[PDB]
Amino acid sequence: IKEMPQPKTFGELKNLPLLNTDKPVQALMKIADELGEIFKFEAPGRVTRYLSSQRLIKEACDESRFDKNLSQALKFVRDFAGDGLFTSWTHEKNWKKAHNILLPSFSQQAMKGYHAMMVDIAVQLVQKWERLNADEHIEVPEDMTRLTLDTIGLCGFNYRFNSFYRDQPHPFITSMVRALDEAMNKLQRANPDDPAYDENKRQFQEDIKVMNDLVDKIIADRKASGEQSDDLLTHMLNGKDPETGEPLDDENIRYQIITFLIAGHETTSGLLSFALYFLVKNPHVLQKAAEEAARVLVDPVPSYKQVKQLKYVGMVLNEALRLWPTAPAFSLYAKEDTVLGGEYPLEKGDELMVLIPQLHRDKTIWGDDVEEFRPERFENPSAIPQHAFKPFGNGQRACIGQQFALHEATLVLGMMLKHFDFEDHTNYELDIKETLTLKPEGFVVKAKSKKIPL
């Protein structure tokens, strides 16, 4: 039975002012490097424990002992994502109901149906880059976000955001980004009810109303048209939970669509951005990935079956998820009193945070080369210890979008590697911006066409 270390305190504010930073996950990573596999983090009225080692996280991932917790960030996101899958408690009726209805929409089999829409958007990205002038560069996270937002719009509800036609965001996305920014800004606020935050509160209620009004109108328009497009909205309007025999109600469908738009804007775009960063920083790896793309993608338009054969590209994506998992933390609570690692007693209801980027740097798992980008680490999943690699979370509350994200990212990265050579023309210095997720801010490259027709 050991006493847990704790980072520096600020009197009555305890550890809260350590979150007064634009890069809180990276700050928590530095604290984990100093204090080790577990540390206590206290704010007024709140205690959590940050876990960094596979030794402790493999126990945290036991669903008999721990369930998903809503962190303070997720409680703030729940003000607009409601009881959608990501912001619901496992015990709320609408979690298992929506999970049972939506699982078939998110399977490998479903990806065969989404593939044509994903190719539509991927071809728009390749055409944009083919059309750049010699003196121009690519803004990588900006273009990857155009692609992933457009993909979830088309697969989600047959809507074209037309992100490659504009600089100005869609009014929904203006409100969503500003609401996500307010939810994250709220975390550090010592005096949230100070009148200096009244305008923030007013703008937040306005942004919630915009997102609700626009998505409610999408649902109403679809019910009115009667059209049966093969998209998530059709599946939710027609689907019945096998257990209850009930469909989702229109309010819950709105929360699911808001949730999918957050995910499609925030997550896969970061994965693609980090993958291209690591490829241009590791030219021998880029060469091996480019050779696979050329060997496999023998048709002007990739097929579903061809994407499944981009094995090394899949390993490149896993190794980018290892070093910079774009959804970098999840939260758990103890279902009953239990002892963690034979050393740390917990009481029922006690909270844990899993710091995924630290788990992924555990040298006892990956060896001394842990900071190196080596996709070959993923050649044999049976050679990777249990619960060593958790970029999509854990158990029944793992990412429902995992197959969707990896299909889109594999397709797009395969097509990028087939069609272009890349240059890190600025010798870009990694600068990681934090929202709900991680992205490489200011990452730019030049692309030289291999002049292969679509």
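Residues carry their position along the shown sequence, with the first being 1. Rigid core: the largest C-alpha set superposing within 1.5 Å between the two forms.
- Once the structures in 9 other deposited structures of this protein are superposed via the core, the pair 381 to 389 and 48 to 56 is resolved in favour of 381 to 389 as the more displaced stretch (C-alpha RMS).
- Choosing between 211 to 219 and 296 to 304, the greater Cα displacement from the shown form in 9 other deposited structures of this protein, fitted by the core, goes with 211 to 219.
- For the two regions 394 to 402 and 40 to 48, the entry's Cα B-factors average higher over 40 to 48.
- Of the two segments examined, 241 to 249 and 256 to 264, it is 241 to 249 that shows the higher average Cα temperature factor in the deposited entry.
- Of the residues listed, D193, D362, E92, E142, the entry assigns the biggest Cα temperature factor to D193.
- In this structure the maximum Cα B-factor among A320, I152, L125, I208 is found at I208.
- In the deposited entry, the Cα temperature factor of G342 places it in the highest third of its chain's modelled residues.
- When the modelled residues of the chain are ordered by C-alpha B-factor, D120 sits in the lowest third.
- Placement of the Cα temperature factor of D67 within the chain: lowest third of the modelled residues, per the deposited record.
- In the PDB entry, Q358 places in the middle third of its chain by CA B-factor.
- In the deposited entry, the Cα temperature factor of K96 places it in the lowest third of its chain's modelled residues.
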